[PDB]
């Protein structure tokens, strides 16, 4: 998540409605609807009590798209990424802290304070996501479980032309290179749209509108894969790239103390972390739904060795990757929890 990116390129956004893609295919970052659908029933999920309200919350969004001729492809998060394990461990640490502190407030009498901690300790399990998959499949809607982060899976579906828009709330999809991203879409279907081609209307970007330079700007500002240098945001990162009259990104990062004229010490591990993060935005493992196989988000280049890309995801057998993508195989237990088969009537 690039902080403040949406307010940094506002001049490239215009409010639209989902009718502009009537009769087209639009993928969805479905986990955003699960987080909003679980707030209305946070205390129930915190106490382990059975609840299916979030199932109905995600369905009114799906049924709303079906009413406008949209063919949604619900994409769901999968396994944990090694490049995101530091953030995933911290989020799991804060969910456990709010859960323990929320249960402590139940043993006192504070009902409003315990509810606030419950809404911040929401853990969207894969079983909760699989409930929405069953409800969406009962209505004839495609559902795809990403091998890891849904962000990379959404980026491939949009680049490969399978879908023409990505309905989401995260700003990372712009860094992955999505052509059309629809943000802040209410239950009625109204939101903002940011096209990758219209990024030139942002005067504060300069010549940093190409996919490679825009990807470099998001990482230097601070993403979930690599924390930014102390004092480096989107503006200063964009300033380094505008003045970067050099295609080699490694020498430009070392020279960040010169392009900005600041006392910036760059450890060597941060340089290896940038190459680690740039390859994750480029070569993260997605799932090809047509050919049914594990492929990187972008095709491998000649100046990269895929042997050093374990942090971007681990390959498995195409049959195992298919059962995970179909939601039949659980993410953690790796056991068959369902028996859906798309052959016996996206794929």
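Between two forms, the rigid core is defined as the largest C-alpha subset superposing within 1.5 Å. Residue numbers count along the first chain shown, from 1.
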{"property": "Larger mean CA deviation from the shown form in 6 other deposited structures of this protein [core fit; 207-215 vs 79-87]", "result": "79-87"}
{"property": "Higher-deviation stretch (C-alpha RMS, rigid core fit) in 6 other deposited structures of this protein, choosing from 89-97 and 197-205", "result": "89-97"}
{"property": "Deposited residues lacking coordinates between residue 345 and residue 346 (none, 1 to 3, 4 to 9, 10 or more)", "result": "4 to 9"}
{"property": "Stretch exceeding the other in mean C-alpha B-factor - 84-92, 129-137", "result": "84-92"}
{"property": "Which of 109-117 and 156-164 has higher mean CA B factor, as the PDB entry lists it", "result": "109-117"}
{"property": "Residue of maximum C-alpha B factor among 262, 145, 240, 229, per deposited coordinates", "result": "262"}
{"property": "Residue with maximal Cα B-factor (values as given in the PDB entry) among 48, 306, 296, 313", "result": "48"}
{"property": "Residue 236 - Cα temperature factor, lowest/middle/highest third of chain", "result": "lowest"}
{"property": "Lowest, middle or highest third - CA B-factor, residue 41", "result": "highest"}
{"property": "Residue 188 - Cα temperature factor, lowest/middle/highest third of chain", "result": "highest"}
{"property": "Third assignment of residue 270 from its chain's C-alpha B-factors", "result": "highest"}
{"property": "Third assignment of residue 257 from its chain's C-alpha B-factors", "result": "highest"}
